[PDB]
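> The following block contains the structure, expressed as structure tokens.
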Amino acid sequence: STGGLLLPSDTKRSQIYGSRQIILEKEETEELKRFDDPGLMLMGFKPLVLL
Amino acid sequence: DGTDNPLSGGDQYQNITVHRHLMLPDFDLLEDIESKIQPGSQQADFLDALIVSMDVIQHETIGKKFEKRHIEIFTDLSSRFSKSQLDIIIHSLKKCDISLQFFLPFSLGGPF
């Protein structure tokens with residue numbers, strides 16, 4: 001609202017679902033999609049007739 | 001605990017409360033189910049709840065047509081049921097052409 005110049009930390013991320021806004025940090029979104037370190041984890045074996 | 005049902009005549013239709021009607025779900029209902037761990041230790045019936053649900057479905061399907069009308073059940077089935085009408089509800093559900101799906105707790109028949 002002043003022109004000027006915004007900077008990475010001067011902004012948030014949001015989604016407006018229905019009639020309500022939800023606000024998160026960049027790192028919050030980047031983190032909520034975290035489950036594991038890279039690499040495969042063996043989950044047992046299955047026949048090549050079921051897939 | 002009580003009975004705030006839209007229809008409740010006499011002894012039947014008790015310990016049942018139709019919490020919500022048919023409109024757009026928002027964080028209001030999500031909060032409401034997020035904070036309703038209360039027992040309300042008065043177990044009466046389960047079929048009456050489904051009958052009231054389908055009846056209010058027919059009641060509030062005015063000005064808003066629905067292509068698929070759905071009802072889900074979650075009951076321990078440990079309370080005594082009611083046999084007031086069964087064929088009548090079967091006929092009313094066939095004429096309403098709605099396909100219910102029944103869900104049940106862990107009781108089907110180590111660290112589960």
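Following the order of the structure tokens, first chain is A, next is B, and so on, with residues numbered from 1 inside each chain and ligands from 1 in the order they appear.
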When the cut-off is 12 Å and we count only C-alpha atoms, which residues of chain B are near chain A, given as a PyMOL selection string?

chain B and resi 24-28

> Please dump the current selection as an mmCIF file, in the first residue's frame; keep C-alpha atoms.


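That gives us out-v6.cif:
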data_model
loop_
_atom_site.group_PDB
_atom_site.id
_atom_site.type_symbol
_atom_site.label_atom_id
_atom_site.label_comp_id
_atom_site.auth_asym_id
_atom_site.auth_seq_id
_atom_site.Cartn_x
_atom_site.Cartn_y
_atom_site.Cartn_z
ATOM 1 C CA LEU B 24 -22.822 -25.946 2.788
ATOM 2 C CA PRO B 25 -20.433 -27.464 5.367
ATOM 3 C CA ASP B 26 -17.769 -25.149 6.770
ATOM 4 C CA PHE B 27 -15.353 -24.979 9.720
ATOM 5 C CA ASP B 28 -18.410 -24.561 11.970
#

> Write out as a ChimeraX atom specification the residues lying within 12 Å of residue 29 of chain A, counting only C-alpha atoms and excluding same-chain residues fewer than 4 positions away.

/A:12-15,22-25,33-34

> Let me see the file: selected residues, N, CA and C atoms, as a PDB file, in the first residue's frame.


ATOM      1  N   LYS A  12       3.291 -13.504   3.512  1.00  0.00           N
ATOM      2  CA  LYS A  12       2.815 -14.797   3.978  1.00  0.00           C
ATOM      3  C   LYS A  12       2.126 -15.512   2.823  1.00  0.00           C
ATOM      4  N   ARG A  13       1.704 -16.749   3.071  1.00  0.00           N
ATOM      5  CA  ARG A  13       0.933 -17.520   2.107  1.00  0.00           C
ATOM      6  C   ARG A  13      -0.435 -17.808   2.700  1.00  0.00           C
ATOM      7  N   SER A  14      -1.463 -17.836   1.858  1.00  0.00           N
ATOM      8  CA  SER A  14      -2.812 -17.986   2.380  1.00  0.00           C
ATOM      9  C   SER A  14      -3.675 -18.777   1.412  1.00  0.00           C
ATOM     10  N   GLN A  15      -4.758 -19.324   1.957  1.00  0.00           N
ATOM     11  CA  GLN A  15      -5.851 -19.872   1.161  1.00  0.00           C
ATOM     12  C   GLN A  15      -7.170 -19.444   1.775  1.00  0.00           C
ATOM     13  N   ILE A  22      -6.989 -18.677   5.692  1.00  0.00           N
ATOM     14  CA  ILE A  22      -6.011 -19.392   6.500  1.00  0.00           C
ATOM     15  C   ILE A  22      -4.636 -18.924   6.062  1.00  0.00           C
ATOM     16  N   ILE A  23      -3.767 -18.663   7.034  1.00  0.00           N
ATOM     17  CA  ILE A  23      -2.496 -17.988   6.813  1.00  0.00           C
ATOM     18  C   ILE A  23      -1.371 -18.862   7.352  1.00  0.00           C
ATOM     19  N   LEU A  24      -0.321 -19.024   6.550  1.00  0.00           N
ATOM     20  CA  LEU A  24       0.833 -19.835   6.903  1.00  0.00           C
ATOM     21  C   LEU A  24       2.096 -19.128   6.435  1.00  0.00           C
ATOM     22  N   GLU A  25       3.214 -19.525   7.025  1.00  0.00           N
ATOM     23  CA  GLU A  25       4.540 -19.119   6.590  1.00  0.00           C
ATOM     24  C   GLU A  25       4.972 -19.980   5.406  1.00  0.00           C
ATOM     25  N   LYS A  33       4.489 -30.863   3.923  1.00  0.00           N
ATOM     26  CA  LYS A  33       4.647 -31.951   2.960  1.00  0.00           C
ATOM     27  C   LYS A  33       5.955 -32.702   3.204  1.00  0.00           C
ATOM     28  N   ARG A  34       6.196 -33.040   4.470  1.00  0.00           N
ATOM     29  CA  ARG A  34       7.388 -33.773   4.883  1.00  0.00           C
ATOM     30  C   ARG A  34       6.974 -35.059   5.574  1.00  0.00           C
TER      31      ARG A  34
END

> Output as a PyMOL selection string all residues of chain A that backbone DSSP marks as strand (DSSP E).

chain A and resi 13-17+20-24

> Take the residues from that selection and write them out as a CSV table (one decimal), in the first residue's frame, keeping N, CA and C atoms.


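Resulting contents of result.csv:
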chain,number,residue,atom,x,y,z
A,13,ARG,N,1.7,-16.7,3.1
A,13,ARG,CA,0.9,-17.5,2.1
A,13,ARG,C,-0.4,-17.8,2.7
A,14,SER,N,-1.5,-17.8,1.9
A,14,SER,CA,-2.8,-18.0,2.4
A,14,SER,C,-3.7,-18.8,1.4
A,15,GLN,N,-4.8,-19.3,2.0
A,15,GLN,CA,-5.9,-19.9,1.2
A,15,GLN,C,-7.2,-19.4,1.8
A,16,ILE,N,-8.1,-19.0,0.9
A,16,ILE,CA,-9.4,-18.5,1.4
A,16,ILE,C,-10.5,-19.5,1.0
A,17,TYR,N,-10.7,-20.5,1.9
A,17,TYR,CA,-11.7,-21.5,1.7
A,17,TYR,C,-13.1,-21.1,2.3
A,20,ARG,N,-13.5,-18.1,4.9
A,20,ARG,CA,-12.5,-17.9,5.9
A,20,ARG,C,-11.1,-18.1,5.3
A,21,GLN,N,-10.2,-17.1,5.6
A,21,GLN,CA,-8.8,-17.2,5.2
A,21,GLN,C,-8.0,-18.0,6.2
A,22,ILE,N,-7.0,-18.7,5.7
A,22,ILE,CA,-6.0,-19.4,6.5
A,22,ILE,C,-4.6,-18.9,6.1
A,23,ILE,N,-3.8,-18.7,7.0
A,23,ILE,CA,-2.5,-18.0,6.8
A,23,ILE,C,-1.4,-18.9,7.4
A,24,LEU,N,-0.3,-19.0,6.6
A,24,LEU,CA,0.8,-19.8,6.9
A,24,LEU,C,2.1,-19.1,6.4

> Using only C-alpha atoms, which protein or nucleic acid residues come within 10 Å of segment 76-85 of chain B? Drop anything in the same chain fewer than 3 positions from it, and give the result as a ChimeraX atom specification.

/B:12,43-48,73,88-90,103-107

> Could the residues in this selection be written to a file with C-alpha atoms, as a PDB file, in the first residue's frame?


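Writing the result to result03.pdb gives the following:
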ATOM      1  CA  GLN B  12     -40.112 -43.171  20.741  1.00  0.00           C
ATOM      2  CA  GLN B  43     -28.344 -44.977  24.778  1.00  0.00           C
ATOM      3  CA  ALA B  44     -31.779 -45.524  23.219  1.00  0.00           C
ATOM      4  CA  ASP B  45     -31.774 -46.497  19.527  1.00  0.00           C
ATOM      5  CA  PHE B  46     -30.046 -46.166  16.154  1.00  0.00           C
ATOM      6  CA  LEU B  47     -32.638 -47.041  13.487  1.00  0.00           C
ATOM      7  CA  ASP B  48     -34.879 -44.162  14.581  1.00  0.00           C
ATOM      8  CA  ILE B  73     -24.239 -45.273  10.182  1.00  0.00           C
ATOM      9  CA  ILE B  88     -42.471 -49.447   5.770  1.00  0.00           C
ATOM     10  CA  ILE B  89     -38.964 -47.990   5.947  1.00  0.00           C
ATOM     11  CA  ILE B  90     -37.771 -50.471   3.301  1.00  0.00           C
ATOM     12  CA  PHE B 103     -20.126 -48.677   8.909  1.00  0.00           C
ATOM     13  CA  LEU B 104     -19.405 -50.393  12.214  1.00  0.00           C
ATOM     14  CA  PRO B 105     -16.763 -50.261  14.979  1.00  0.00           C
ATOM     15  CA  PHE B 106     -13.824 -52.654  15.401  1.00  0.00           C
ATOM     16  CA  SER B 107     -16.383 -55.414  16.143  1.00  0.00           C
TER      17      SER B 107
END

> Suppose you want the space between atom CA of residue 15 of chain B and atom CA of residue 39 of chain B; what is it in Å?

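Value for the atom CA of residue 15 of chain B-atom CA of residue 39 of chain B distance: 11.6 Å.
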
> Suppose you want the space between atom CA of residue 42 of chain B and atom CA of residue 102 of chain B; what is it in Å?

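About the pair atom CA of residue 42 of chain B and atom CA of residue 102 of chain B: they are 22.2 Å apart.
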
> Write out as a ChimeraX atom specification the set of residues from chain A that DSSP, computed on the backbone, places in alpha helix (DSSP H).

/A:26-32

> Could the residues in this selection be written to a file with N, CA, C and O atoms, as a CSV table (one decimal), in the first residue's frame?


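Result file is out.csv:
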chain,number,residue,atom,x,y,z
A,26,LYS,N,5.9,-19.5,4.6
A,26,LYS,CA,6.5,-20.3,3.6
A,26,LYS,C,7.0,-21.6,4.1
A,26,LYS,O,6.8,-22.6,3.5
A,27,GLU,N,7.8,-21.5,5.2
A,27,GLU,CA,8.4,-22.8,5.7
A,27,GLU,C,7.3,-23.7,6.3
A,27,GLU,O,7.5,-24.9,6.3
A,28,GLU,N,6.1,-23.1,6.7
A,28,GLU,CA,5.1,-24.0,7.2
A,28,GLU,C,4.5,-24.9,6.1
A,28,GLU,O,4.3,-26.1,6.3
A,29,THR,N,4.2,-24.3,4.9
A,29,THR,CA,3.8,-25.1,3.8
A,29,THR,C,4.9,-26.0,3.3
A,29,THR,O,4.6,-27.2,3.0
A,30,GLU,N,6.1,-25.5,3.3
A,30,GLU,CA,7.2,-26.4,2.8
A,30,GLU,C,7.4,-27.6,3.7
A,30,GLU,O,8.0,-28.6,3.3
A,31,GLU,N,7.0,-27.4,5.0
A,31,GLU,CA,7.3,-28.5,6.0
A,31,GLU,C,6.1,-29.5,6.0
A,31,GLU,O,6.3,-30.7,6.2
A,32,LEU,N,4.8,-29.0,5.9
A,32,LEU,CA,3.7,-29.9,6.0
A,32,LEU,C,3.7,-31.0,5.0
A,32,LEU,O,3.0,-32.0,5.2

> Quick one, how far is atom CA of residue 49 of chain B from atom CA of residue 65 of chain B?

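Interatomic distance, atom CA of residue 49 of chain B to atom CA of residue 65 of chain B: 22.6 Å.
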